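> Questions regarding the structure given below will be posed in turn.
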Amino acid sequence: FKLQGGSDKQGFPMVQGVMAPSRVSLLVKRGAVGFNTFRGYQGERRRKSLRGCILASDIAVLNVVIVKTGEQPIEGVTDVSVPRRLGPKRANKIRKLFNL
Amino acid sequence: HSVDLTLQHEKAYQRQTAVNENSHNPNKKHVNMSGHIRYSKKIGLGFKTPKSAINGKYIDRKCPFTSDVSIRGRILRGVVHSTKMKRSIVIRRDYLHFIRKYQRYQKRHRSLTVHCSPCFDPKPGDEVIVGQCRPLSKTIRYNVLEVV
Amino acid sequence: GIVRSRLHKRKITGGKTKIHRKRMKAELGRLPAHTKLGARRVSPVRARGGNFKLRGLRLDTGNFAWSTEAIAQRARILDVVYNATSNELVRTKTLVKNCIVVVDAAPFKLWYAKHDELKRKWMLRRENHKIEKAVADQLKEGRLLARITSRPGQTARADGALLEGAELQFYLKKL
Amino acid sequence: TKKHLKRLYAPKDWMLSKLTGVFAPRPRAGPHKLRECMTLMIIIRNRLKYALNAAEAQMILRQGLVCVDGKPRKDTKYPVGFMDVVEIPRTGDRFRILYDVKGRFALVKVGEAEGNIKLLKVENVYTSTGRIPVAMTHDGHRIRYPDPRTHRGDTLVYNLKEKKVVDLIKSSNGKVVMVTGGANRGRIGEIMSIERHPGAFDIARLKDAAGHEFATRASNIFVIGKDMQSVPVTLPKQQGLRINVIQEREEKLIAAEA
RNA sequence: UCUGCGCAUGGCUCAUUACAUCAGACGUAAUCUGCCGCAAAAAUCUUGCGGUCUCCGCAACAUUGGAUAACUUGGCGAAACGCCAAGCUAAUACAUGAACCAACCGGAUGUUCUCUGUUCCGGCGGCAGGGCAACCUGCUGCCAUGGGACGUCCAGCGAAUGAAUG
RNA sequence: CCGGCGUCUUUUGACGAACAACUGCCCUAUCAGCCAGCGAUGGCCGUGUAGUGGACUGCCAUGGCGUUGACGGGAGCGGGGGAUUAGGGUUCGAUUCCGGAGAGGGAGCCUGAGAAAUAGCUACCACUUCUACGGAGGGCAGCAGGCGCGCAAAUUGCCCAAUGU
């Protein structure tokens, strides 16, 4: 598995770039993972509190991605395929997809 | 060419930035200063150019005659209060304000500072004419066109 | 922040201005850019005109010009000999307008040798031409003294003109 | 940046009232200045009366039924200053705005081939890139390739049918000339003399027909024609002659007895 | 929901404040300026197919590429105009890129050949002799106030510097 | 085959922004000297800014202002204008229009052509609101309305039909 993200028991995200086994307050721009993209005016930063990259016992949830797959299947994940929501809307992609 | 060290005392040199005068030629030799390269500029409101500017040597970047400094809206007159400071004089205008209630005038003077071109050097009590130029120091906005 | 104003300053009467207004963003200093020698690094800043101006840091090359013949070539900036403003500046080899400097001088040499169809053009250009002595001695050795006549701190390009006799003779004697 | 205007601070050459409303329209920037212009909505509503309300003026203009300079406009607010031909093809009428005597905007009605004529005063001339000369006007129009005889403060006859410039007219000598601004508006006369004061405004002395000389600034001169019998364009309701206060009052009474 | 535009205007309040602020007149040749108006625009080696070495030959409404939200799925937190992972997929968002079409204007030129200067004051190249290796002498070829033909390189707008013009 | 929109860059009129100056402005001398270490006045070279400039660095010079009241203090947003007067004047201007400044007190900042914006952001201070106390917020001198205050001042109403944006 590769680790990805997850949160504190106060909902506050983990940040890969921040290094702490603790929570600190930092300036967080819109495009960062501590503050949503679509809130506020163009060109802004706020002060949000959040957690570092280093794990401890304060984690409620941890999100991963499978990279290598074991010999023991785990339900709802490696036993299940879910199709794409939408097919391509670009012309040239239809030509790569059906190979026509 | 060659240096004139009468002008120079600076650690930066001084040159005229309008026109190159630093070219070597034998055309600046056997002449007082007349054959030497200069920049000259007319002031077209009836202020006749001096001889000194045209044929001179002097390097100043804060007079309209040897620089791109320009003469604009206001033109005033005033005497000489003092000649003190280097290339800066002190002019005193005097006029009359009127008061309606007493139907009688009063004398009120503006003591003002000006940048006097090194061409001119008027004595105390002389009358000066002064134009409207871009800022040149904190207080100085004027320049000396002519002297009476 | 930093401001450019007469409203924190004493008057001609020795009195003090009194305020009633918080400072504008129209009036606005910024910290000076330090152009030196070393690898070129250029950090833009956005300005009030809706355009960018470029902060020269550490320019080691300039576009230099030889007077009188109406030419120019690039060459490498090596040293700063002199400056009007301070001695301190010169020692750190900061580049700011009206510093005398030192350049590679190589392209100028090359050029001047080019200054059968070709061959007779040379002989015509050799005629009615001469050069100052103090110039040519230096130009032989492969070093020269020049001045930087563009401000590098707000364009991030350092351009200069090469000293000629009248002015050269002054800066020389100051060393 | 200003985006609001109040009725009082707006011109009363637009003939707004003190009461009724609080705001007046601030037009989008264009050929003409804020004081000398008159906005579309004002014209259509308060004068022509093809609209009774603001919203009705949007209805007409956004749609498009109205042209100025012969170009159709989808603009709600646009300036209309001086020597502008406006044409509503639905009515089939061609107005040419001017300055009437007594400081009033004139709306004068023209033959159809006159509405392709226009007169623009030149402000500056300058050479632009490629050595291409340019006359820049008081309506902001750029005349490429003007005649080599062009000078500041001269008029250029301007075809709106297809864009170019035929022969000019100069401000030189005595010529039939009219005033813009300065409260001698719409008054027409010959140039008697042109005084010079360098570094300051250049006075000119005009003499209208049936004498009565006067003085107005060079800046406020706008040429009409070579002569009064060589004029290219129409005059407003009064010919460019003012009358004494007494005579105004007299005539007002005489007509009121009908 | 992404994208574009506006939200700095209107509205409200007089605390600071006397060479301040404001009013009349005046300048910005000392500068910026979205929207609006009249206008301007000739740099650009690209695309597709076939063979084929990353190379050529043809063809020419130019036939361009890659993600991200809503959404879906797992969710977190006492609450929060607080937030996380994975999977999706758009463009007048973002990133690329236009040969031919193509006018006109010059300079640098080339070890390209064609007229040429019916002479010698100069230069250059080669060979021989002597040499203090600095240099001299003799002989041969080419060029000298010139224009054609052919080849090569730089050339646009905006900005920087020097020089000439204005 | 043609039409209408949309956009890049360049160019200059317009709408504005930002500076500077000529002239004018209440009381007080029991406020008469004021200004320069750390810029006061000017010159010289640079730096910075969209730009001019002691705006700022370095170097050099010793100036600048004052009984025609500088400097300091008190009262006060400025003007158009209001009241009263035969005339001359006297007095008012918080307030509809224009100009400036401010958004609890201060400072700093981003974005944008334009802001040092505050129903934008960051910090401190004085207050102040939620929280299973781990944290998270608030800024009415916008309209109503409430508390306080003082001799003293309106409805938690209806509408975008009009006038503008």
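Ordered as shown in the structure tokens, chains take letters A, B, and onward, while each chain numbers its residues from 1 and ligands are numbered from 1 in the order shown.
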Report the closest atom pair, with its distance in Å rounded to one decimal, for each residue of chain B that has an atom no farther than 8 Å from chain D; count only C-alpha atoms, sort by chain and then rising residue number, and write it as CSV.

```
residue,atom,partner,partner_atom,distance
B:45,CA,D:198,CA,6.1
B:72,CA,D:199,CA,7.1
B:73,CA,D:199,CA,6.6
```
> Print the selection's residues with C-alpha atoms to a file, as a tab-separated table (two decimals), in the first residue's frame.

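The resulting file, selection.tsv, is reproduced below:
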```
chain	number	residue	atom	x	y	z
B	45	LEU	CA	8.34	82.25	-24.60
B	72	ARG	CA	5.72	75.07	-18.32
B	73	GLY	CA	2.71	76.96	-16.99
```
> With 6 Å as the limit and counting only C-alpha atoms (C1' of nucleotides), what residues in chain E lie close to chain D? Please list them as a count of residues only.
4
> One decimal, Å: what's the distance from atom CA of residue 124 of chain B over to atom CA of residue 81 of chain B, could you say?
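That distance, rounded to one decimal, is 6.3 Å.
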> Pick out the residues sitting within 10 Å of segment 176-183 of chain D, and hand them over as a short mmCIF file (atom, residue, chain, number, x, y, z; two decimals) with N, CA and C atoms, in the first residue's frame; count only C-alpha atoms (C1' of nucleotides), and ignore anything fewer than 6 positions along from it in its own chain.

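This went into result.cif:
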```
data_model
loop_
_atom_site.label_atom_id
_atom_site.label_comp_id
_atom_site.auth_asym_id
_atom_site.auth_seq_id
_atom_site.Cartn_x
_atom_site.Cartn_y
_atom_site.Cartn_z
N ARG D 35 -19.31 66.06 -19.78
CA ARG D 35 -20.07 67.28 -19.82
C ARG D 35 -20.65 67.60 -21.17
N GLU D 36 -19.91 67.30 -22.28
CA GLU D 36 -20.32 67.73 -23.60
C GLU D 36 -21.22 66.73 -24.28
N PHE D 82 -21.32 65.96 -30.72
CA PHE D 82 -21.41 67.08 -31.62
C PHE D 82 -21.03 66.55 -32.98
N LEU D 98 -26.19 69.17 -32.91
CA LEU D 98 -25.34 70.32 -33.07
C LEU D 98 -25.53 71.08 -31.80
N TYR D 99 -24.94 72.30 -31.73
CA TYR D 99 -25.16 73.25 -30.69
C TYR D 99 -26.06 74.31 -31.24
N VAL D 101 -28.15 77.87 -30.71
CA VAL D 101 -28.04 79.13 -30.02
C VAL D 101 -28.81 79.08 -28.71
N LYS D 102 -28.19 79.65 -27.64
CA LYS D 102 -28.67 79.70 -26.28
C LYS D 102 -28.32 78.44 -25.53
N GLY D 103 -27.24 77.73 -25.94
CA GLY D 103 -26.62 76.71 -25.12
C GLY D 103 -27.33 75.39 -25.14
N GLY D 189 -19.87 82.88 -36.88
CA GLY D 189 -19.33 84.12 -37.35
C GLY D 189 -18.06 83.86 -38.08
N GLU D 190 -17.50 84.92 -38.70
CA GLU D 190 -16.20 84.94 -39.30
C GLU D 190 -15.15 85.10 -38.25
N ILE D 191 -13.92 84.59 -38.52
CA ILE D 191 -12.75 84.88 -37.73
C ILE D 191 -12.27 86.24 -38.19
N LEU D 206 -14.01 86.89 -32.91
CA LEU D 206 -14.94 86.50 -33.94
C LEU D 206 -15.85 87.68 -34.11
N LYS D 207 -16.39 87.83 -35.34
CA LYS D 207 -17.36 88.84 -35.66
C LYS D 207 -18.47 88.12 -36.36
N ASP D 208 -19.66 88.06 -35.73
CA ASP D 208 -20.84 87.50 -36.35
C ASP D 208 -21.49 88.52 -37.24
N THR D 216 -13.46 84.52 -27.99
CA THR D 216 -13.58 83.16 -27.51
C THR D 216 -12.24 82.54 -27.75
N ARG D 217 -11.94 81.45 -27.01
CA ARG D 217 -10.69 80.74 -27.04
C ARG D 217 -10.57 79.94 -28.31
N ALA D 218 -9.32 79.84 -28.85
CA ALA D 218 -8.91 79.09 -30.02
C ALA D 218 -9.43 77.68 -29.95
N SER D 219 -9.25 77.03 -28.78
CA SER D 219 -9.70 75.69 -28.45
C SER D 219 -11.17 75.44 -28.75
N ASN D 220 -12.01 76.49 -28.61
CA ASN D 220 -13.44 76.44 -28.81
C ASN D 220 -13.84 76.75 -30.24
N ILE D 221 -12.88 76.96 -31.18
CA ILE D 221 -13.18 77.16 -32.59
C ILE D 221 -13.38 75.82 -33.23
N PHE D 222 -14.43 75.72 -34.07
CA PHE D 222 -14.70 74.54 -34.85
C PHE D 222 -15.15 75.10 -36.17
N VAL D 223 -14.48 74.71 -37.29
CA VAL D 223 -14.72 75.29 -38.59
C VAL D 223 -15.97 74.65 -39.14
N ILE D 224 -16.67 75.33 -40.07
CA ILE D 224 -17.86 74.84 -40.71
C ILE D 224 -17.52 74.72 -42.17
N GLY D 225 -17.16 75.86 -42.81
CA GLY D 225 -16.99 75.89 -44.24
C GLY D 225 -16.06 77.00 -44.59
N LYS D 226 -15.81 77.15 -45.91
CA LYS D 226 -15.01 78.20 -46.50
C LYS D 226 -15.67 79.54 -46.29
N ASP D 227 -17.00 79.56 -46.54
CA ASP D 227 -17.80 80.76 -46.60
C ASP D 227 -19.17 80.29 -46.20
N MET D 228 -20.09 81.25 -45.97
CA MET D 228 -21.44 80.99 -45.53
C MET D 228 -22.30 80.47 -46.64
N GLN D 229 -21.84 80.63 -47.91
CA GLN D 229 -22.51 80.11 -49.08
C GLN D 229 -21.77 78.90 -49.59
N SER D 230 -20.77 78.40 -48.83
CA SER D 230 -20.04 77.19 -49.16
C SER D 230 -20.17 76.17 -48.07
N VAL D 231 -21.13 76.35 -47.12
CA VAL D 231 -21.29 75.47 -45.97
C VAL D 231 -21.65 74.06 -46.40
N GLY D 240 -27.34 81.39 -35.69
CA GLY D 240 -26.07 81.59 -35.04
C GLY D 240 -25.96 83.02 -34.63
#
```
> Please measure the separation of atom CA of residue 84 of chain C and atom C1' of residue 45 of chain F, giving the value in Å to one decimal.
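Going from atom CA of residue 84 of chain C over to atom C1' of residue 45 of chain F covers 5.8 Å.
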> Pick out the residues sitting within 12 Å of residue 43 of chain E, and hand them over as a PyMOL selection string; count only C-alpha atoms (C1' of nucleotides), and ignore anything fewer than 4 positions along from it in its own chain.
chain E and resi 102+155-157
> For those residues, write C-alpha atoms (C1' of nucleotides) to a file as a PDB file, in the first residue's frame.

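Dumped to result_18.pdb:
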```pdb
ATOM      1  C1'   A E 102       3.844  36.580 -48.148  1.00  0.00           C
ATOM      2  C1'   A E 155      15.824  41.637 -40.974  1.00  0.00           C
ATOM      3  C1'   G E 156       8.487  42.079 -37.893  1.00  0.00           C
ATOM      4  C1'   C E 157       5.783  44.496 -33.487  1.00  0.00           C
TER       5        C E 157
END
```
> Pull out every residue of chain E that has at least one atom within 7 Å of chain B, counting only C-alpha atoms (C1' of nucleotides), and report them as a VMD selection string.
chain E and resid 26 to 27 29 to 30
> Could you give me, as an MDAnalysis selection string, each residue of segment 6-172 of chain C that DSSP assigns to strand (DSSP E or B) when run on this structure's backbone?
chainID C and resid 10 16 41:46 52:57 61:66 71:83 99:103 144:148 159:162
> Can you pull out the residues contacting segment 59-61 of chain D? Cut-off 7 Å, using only C-alpha atoms (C1' of nucleotides), and skip same-chain residues under 5 positions away; I want them as a PDB file with C-alpha atoms, in the first residue's frame.

```pdb
ATOM      1  CA  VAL D  66     -30.795  52.704 -33.979  1.00  0.00           C
ATOM      2  CA  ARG D  73     -25.445  49.857 -31.792  1.00  0.00           C
ATOM      3  CA  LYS D  74     -26.455  47.316 -29.180  1.00  0.00           C
ATOM      4  CA  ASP D  75     -25.197  49.735 -26.511  1.00  0.00           C
ATOM      5  CA  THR D  76     -27.651  51.074 -23.930  1.00  0.00           C
TER       6      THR D  76
END
```
> Just the alpha helix (DSSP H) stuff from chain A, please, per backbone DSSP, written as an MDAnalysis selection string.
chainID A and resid 91:97
> Please determine the contact residues of chain F with respect to chain C at a cut-off of 10 Å, counting only C-alpha atoms (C1' of nucleotides), and supply them as number ranges by chain.
F: 17-19, 34-35, 39-41, 44-50, 53-59, 64-66, 70-72, 100-102, 107-109, 112-116
> Where does chain F meet chain A within 8 Å, residue by residue, with the nearest atom pair and distance in Å to one decimal for each, counting only C-alpha atoms (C1' of nucleotides), listed by chain and rising number, as CSV?

```
residue,atom,partner,partner_atom,distance
F:110,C1',A:44,CA,5.7
F:111,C1',A:43,CA,4.7
F:120,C1',A:41,CA,7.3
F:121,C1',A:46,CA,6.4
F:122,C1',A:46,CA,7.5
F:134,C1',A:10,CA,6.7
F:135,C1',A:10,CA,7.7
```
> Which residues of chain F have any atom within 8 Å of an atom in chain B when counting only C-alpha atoms (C1' of nucleotides), and what is the closest pair of atoms for each, with the distance in Å to one decimal? Order the rows by chain and rising number and write it as CSV.

```
residue,atom,partner,partner_atom,distance
F:20,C1',B:135,CA,7.7
F:22,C1',B:74,CA,7.8
F:42,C1',B:85,CA,5.8
F:43,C1',B:86,CA,5.8
F:44,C1',B:10,CA,7.2
F:45,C1',B:12,CA,6.0
F:52,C1',B:135,CA,5.8
F:53,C1',B:137,CA,5.7
F:54,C1',B:138,CA,6.9
F:61,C1',B:86,CA,7.5
F:62,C1',B:85,CA,7.8
F:63,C1',B:85,CA,6.7
F:68,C1',B:108,CA,5.2
F:88,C1',B:101,CA,7.8
```
> Write the selection just made, keeping C-alpha atoms (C1' of nucleotides), as a PDB file, in the first residue's frame?

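Written out: again_12.pdb:
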```pdb
ATOM      1  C1'   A F  20       2.979  69.295  -7.607  1.00  0.00           C
ATOM      2  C1'   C F  22      -0.197  80.273  -7.671  1.00  0.00           C
ATOM      3  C1'   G F  42      21.117  72.732  -0.725  1.00  0.00           C
ATOM      4  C1'   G F  43      24.829  70.435  -4.370  1.00  0.00           C
ATOM      5  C1'   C F  44      27.002  65.682  -6.499  1.00  0.00           C
ATOM      6  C1'   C F  45      26.480  60.215  -7.879  1.00  0.00           C
ATOM      7  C1'   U F  52       9.160  63.666 -10.424  1.00  0.00           C
ATOM      8  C1'   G F  53      11.593  64.440  -5.561  1.00  0.00           C
ATOM      9  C1'   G F  54      16.232  64.092   0.822  1.00  0.00           C
ATOM     10  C1'   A F  61      28.501  72.049   1.401  1.00  0.00           C
ATOM     11  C1'   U F  62      26.093  75.313   5.941  1.00  0.00           C
ATOM     12  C1'   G F  63      22.052  76.471   5.194  1.00  0.00           C
ATOM     13  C1'   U F  68       4.121  90.882   7.360  1.00  0.00           C
ATOM     14  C1'   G F  88     -21.410  98.065   6.007  1.00  0.00           C
TER      15        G F  88
END
```
> Output the contact residues of chain B with respect to chain C at a cut-off of 7 Å, based on only C-alpha atoms, as a list in words.
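Putting it all together, I get residues 1, 2, 3, 11, 12, 22, 23 and 24 of chain B.
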> Next, dump the selected residues to file, keeping only N, CA, C and O atoms, as a PDB file, in the first residue's frame.

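New file selection.pdb:
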```
ATOM      1  N   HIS B   1      38.834  63.029 -25.845  1.00  0.00           N
ATOM      2  CA  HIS B   1      39.704  64.220 -25.955  1.00  0.00           C
ATOM      3  C   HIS B   1      40.665  64.267 -24.801  1.00  0.00           C
ATOM      4  O   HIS B   1      41.504  63.377 -24.663  1.00  0.00           O
ATOM      5  N   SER B   2      40.604  65.341 -23.979  1.00  0.00           N
ATOM      6  CA  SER B   2      41.404  65.484 -22.792  1.00  0.00           C
ATOM      7  C   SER B   2      40.536  66.114 -21.750  1.00  0.00           C
ATOM      8  O   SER B   2      39.519  66.735 -22.060  1.00  0.00           O
ATOM      9  N   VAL B   3      40.969  66.002 -20.472  1.00  0.00           N
ATOM     10  CA  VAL B   3      40.224  66.433 -19.314  1.00  0.00           C
ATOM     11  C   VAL B   3      40.344  67.927 -19.174  1.00  0.00           C
ATOM     12  O   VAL B   3      41.320  68.530 -19.621  1.00  0.00           O
ATOM     13  N   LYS B  11      33.964  62.610  -7.640  1.00  0.00           N
ATOM     14  CA  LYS B  11      34.433  61.249  -7.595  1.00  0.00           C
ATOM     15  C   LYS B  11      33.672  60.437  -8.604  1.00  0.00           C
ATOM     16  O   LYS B  11      33.860  59.225  -8.691  1.00  0.00           O
ATOM     17  N   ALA B  12      32.768  61.085  -9.371  1.00  0.00           N
ATOM     18  CA  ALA B  12      31.941  60.420 -10.339  1.00  0.00           C
ATOM     19  C   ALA B  12      32.255  60.860 -11.730  1.00  0.00           C
ATOM     20  O   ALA B  12      31.697  60.293 -12.669  1.00  0.00           O
ATOM     21  N   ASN B  22      32.927  63.579 -25.399  1.00  0.00           N
ATOM     22  CA  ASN B  22      34.087  62.907 -24.864  1.00  0.00           C
ATOM     23  C   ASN B  22      34.888  62.275 -25.974  1.00  0.00           C
ATOM     24  O   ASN B  22      35.932  61.680 -25.713  1.00  0.00           O
ATOM     25  N   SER B  23      34.414  62.380 -27.242  1.00  0.00           N
ATOM     26  CA  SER B  23      35.148  61.987 -28.427  1.00  0.00           C
ATOM     27  C   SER B  23      36.417  62.779 -28.613  1.00  0.00           C
ATOM     28  O   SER B  23      36.457  63.980 -28.346  1.00  0.00           O
ATOM     29  N   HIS B  24      37.482  62.094 -29.097  1.00  0.00           N
ATOM     30  CA  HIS B  24      38.774  62.688 -29.329  1.00  0.00           C
ATOM     31  C   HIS B  24      38.781  63.182 -30.738  1.00  0.00           C
ATOM     32  O   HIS B  24      38.480  62.440 -31.672  1.00  0.00           O
TER      33      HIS B  24
END
```
> Which neighbours of segment 10-17 of chain D fall inside 10 Å, counting only C-alpha atoms (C1' of nucleotides), when residues of the same chain fewer than 2 positions from it are skipped, and could you give them as a list in words?
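Near segment 10-17 of chain D, the qualifying residues are residues 5, 6, 7, 8, 19, 20, 21, 22, 23, 24, 25, 26, 34, 35, 36, 37, 38, 39, 42, 43, 46, 47, 103, 104 and 105 of chain D.
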> Keeping only C-alpha atoms, write those residues as a short mmCIF file (atom, residue, chain, number, x, y, z; two decimals), in the first residue's frame.

```
data_model
loop_
_atom_site.label_atom_id
_atom_site.label_comp_id
_atom_site.auth_asym_id
_atom_site.auth_seq_id
_atom_site.Cartn_x
_atom_site.Cartn_y
_atom_site.Cartn_z
CA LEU D 5 -24.00 60.15 -11.10
CA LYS D 6 -26.56 62.34 -9.36
CA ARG D 7 -29.06 64.49 -11.28
CA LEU D 8 -27.71 67.82 -10.04
CA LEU D 19 -37.50 66.20 -8.29
CA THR D 20 -38.38 62.77 -9.73
CA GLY D 21 -35.55 60.26 -9.34
CA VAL D 22 -32.21 60.74 -7.59
CA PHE D 23 -29.75 59.35 -10.14
CA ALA D 24 -28.92 60.14 -13.75
CA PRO D 25 -27.06 57.81 -16.15
CA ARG D 26 -23.28 57.93 -16.28
CA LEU D 34 -18.91 63.65 -19.78
CA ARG D 35 -20.07 67.28 -19.82
CA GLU D 36 -20.32 67.73 -23.60
CA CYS D 37 -22.11 64.44 -24.32
CA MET D 38 -25.74 63.42 -24.08
CA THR D 39 -26.51 59.78 -23.32
CA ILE D 42 -31.97 60.84 -22.42
CA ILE D 43 -32.55 61.48 -26.16
CA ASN D 46 -37.16 62.82 -22.88
CA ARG D 47 -37.05 64.38 -26.36
CA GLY D 103 -26.62 76.71 -25.12
CA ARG D 104 -29.16 74.05 -26.09
CA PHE D 105 -28.52 70.76 -27.88
#
```
> Please measure the separation of atom CA of residue 7 of chain B and atom CA of residue 39 of chain B, giving the value in Å to one decimal.
16.9 Å
> When you get a sec, could you note down which chain C residues fall within 8 Å of chain E, using only C-alpha atoms (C1' of nucleotides), as a VMD selection string?
chain C and resid 17 to 20 48 to 49 63 to 72 116 120 149 to 150 155 157 159 to 161
> Residues of chain F were defined as contacting chain D if any atom lay at most 10 Å from it, counting only C-alpha atoms (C1' of nucleotides); please report them as number ranges by chain.
F: 11-17, 97-98, 114, 162-165
> Using only C-alpha atoms (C1' of nucleotides), I'd like every residue of chain A that has an atom within 9 Å of chain E; please write them out as a ChimeraX atom specification.
/A:4-14,33-36,39,60-65,82-90
